[PDB]
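Undergrad: Pasting in a structure now, in structure tokens, and then I'll have a few things to ask.
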Amino acid sequence: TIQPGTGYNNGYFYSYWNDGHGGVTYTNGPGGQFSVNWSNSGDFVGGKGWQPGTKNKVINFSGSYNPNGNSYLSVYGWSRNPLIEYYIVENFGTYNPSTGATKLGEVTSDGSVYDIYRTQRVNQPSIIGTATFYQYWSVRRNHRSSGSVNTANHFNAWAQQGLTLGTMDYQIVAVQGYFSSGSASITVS
Ligand SMILES: O[C@@H]1[C@@H](O)[C@H](O[C@@H]2CO[C@@H](O[C@@H]3CO[C@@H](O)[C@H](O)[C@H]3O)[C@H](O)[C@H]2O)OC[C@H]1O
């Protein structure tokens, strides 16, 4: 397993962040593979990808994802100027992260319709420190743990709806969890 932090592993950028609560282990495997095992964890986010990401990347992911409680499997990343945290959610556990969020449209991509939403984080942690910033979401209706994500279809739909992205920071396939349990093994390319 590895310490929380960022870096490169077998050619892929990785980010593993947690709240220090314990109960979660993250491991970097060969190529674009990573595994997450958690049991009564706290808040955490980890996965592999790129730094920086691009606005036209076709991301391939494959493996298993078995959450028991609150967790998401997503293409996840950020932009700067404006600061935006974004998600293309392929699967989740007990909580749909768009619950209560205002719907801003639909986009069809890679075999499913996705619902689009915008939320706001107020004085929360970010890649640039504590801040208030928006979050963009595409939530897949047809849940899966393998597939291909044509990021451009999402970024373009978001733009069309008034959700613009700044300069890309990291872009990864991530397993996020919030006080839950589970296991996942994902390969990115
Ligand atoms: O040391 C700093 C890092 O901690 C920082 O990392 C990012 C912090 O925000 C993370 O995003 C939130 C983590 O908490 C969850 O509950 C929220 O849902 C996520 O929005 C992000 O994943 C980290 O990369 O980056 C800057 C460093 O200086």
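The way I read the labels, and the way they are meant: chains A, B, ... in the order of the structure tokens, residue 1 as the first residue of every chain, and ligand 1 as the first ligand shown, with later ones counted on from there.
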Region 54-66 of chain A: which residues within 7 Å, counting only C-alpha atoms, same-chain residues fewer than 5 positions away excluded, as a VMD selection string?

TA: chain A and resid 145 to 152 155 168 182 to 189

Undergrad: Residues of chain A that have any atom at most 10 Å from an atom of ligand 1: could you tabulate them with the shortest-distance atom pair and the distance in Å to one decimal, using only C-alpha atoms and all ligand atoms, ordered by chain and increasing number, as CSV?

TA:
```
residue,atom,partner,partner_atom_place_in_ligand_line,distance
A:4,CA,ligand 1,4 (O),9.1
A:5,CA,ligand 1,3 (C),7.8
A:6,CA,ligand 1,24 (O),8.2
A:14,CA,ligand 1,24 (O),9.7
A:15,CA,ligand 1,24 (O),6.4
A:16,CA,ligand 1,24 (O),7.6
A:17,CA,ligand 1,23 (C),6.0
A:18,CA,ligand 1,13 (C),7.2
A:19,CA,ligand 1,14 (O),7.7
A:42,CA,ligand 1,16 (O),9.2
A:43,CA,ligand 1,16 (O),5.6
A:44,CA,ligand 1,15 (C),6.5
A:45,CA,ligand 1,22 (O),5.8
A:46,CA,ligand 1,22 (O),7.6
A:47,CA,ligand 1,22 (O),9.7
A:76,CA,ligand 1,22 (O),8.5
A:77,CA,ligand 1,22 (O),7.8
A:78,CA,ligand 1,24 (O),8.6
A:84,CA,ligand 1,20 (O),9.7
A:85,CA,ligand 1,20 (O),6.8
A:86,CA,ligand 1,20 (O),9.0
A:97,CA,ligand 1,18 (O),9.9
A:121,CA,ligand 1,20 (O),8.0
A:124,CA,ligand 1,20 (O),7.4
A:125,CA,ligand 1,9 (O),4.7
A:126,CA,ligand 1,9 (O),4.0
A:127,CA,ligand 1,25 (O),3.6
A:128,CA,ligand 1,26 (C),5.5
A:129,CA,ligand 1,26 (C),6.2
A:130,CA,ligand 1,8 (C),8.7
A:133,CA,ligand 1,20 (O),9.8
A:135,CA,ligand 1,20 (O),8.6
A:169,CA,ligand 1,24 (O),9.8
A:170,CA,ligand 1,24 (O),8.3
A:174,CA,ligand 1,22 (O),9.2
A:176,CA,ligand 1,18 (O),7.9
A:177,CA,ligand 1,16 (O),8.1
A:178,CA,ligand 1,16 (O),7.1
```

Undergrad: Have a look at A:80, A:23, A:110, A:179 and name the one nearest to residue 95 (chain A); count only C-alpha atoms.

TA: A:179

Undergrad: Out of A:104, A:172, A:24, A:115, which residue has the shortest atom-to-atom distance to residue 159 (chain A) when counting only C-alpha atoms?

TA: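 So, comparing all the options, the nearest one is A:104.
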
Undergrad: With only C-alpha atoms as the basis for distance, which of A:122, A:108, A:180, A:175 is at the shortest distance from residue 157 (chain A)?

TA: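 Using only C-alpha atoms, the shortest distance to residue 157 (chain A) belongs to A:108.
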
Undergrad: So which one's closest to residue 144 (chain A), A:38, A:117, A:50, A:92? Using only C-alpha atoms, please.

TA: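 Ranking A:38, A:117, A:50, A:92 by distance to residue 144 (chain A), first place goes to A:92.
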
Undergrad: Quick one: DSSP strand (DSSP E or B) residues in chain A, as a VMD selection string?

TA: chain A and resid 5 to 9 12 to 18 24 to 28 33 to 38 43 to 50 58 to 68 71 to 80 84 to 92 102 to 109 112 to 124 127 129 131 to 140 147 to 150 167 to 178 181 to 188

Undergrad: Which residues in chain A does DSSP call alpha helix (DSSP H)? List them as a list in words.

TA: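 Filtering chain A down to alpha helix (DSSP H) leaves residues 151, 152, 153, 154, 155, 156, 157, 158, 159 and 160 of chain A.
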
Undergrad: In Å, rounded to a single decimal, give me how far CA of residue 20 (chain A) is from CA of residue 82 (chain A).

TA: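 Between these atoms lies a distance of 28.7 Å.
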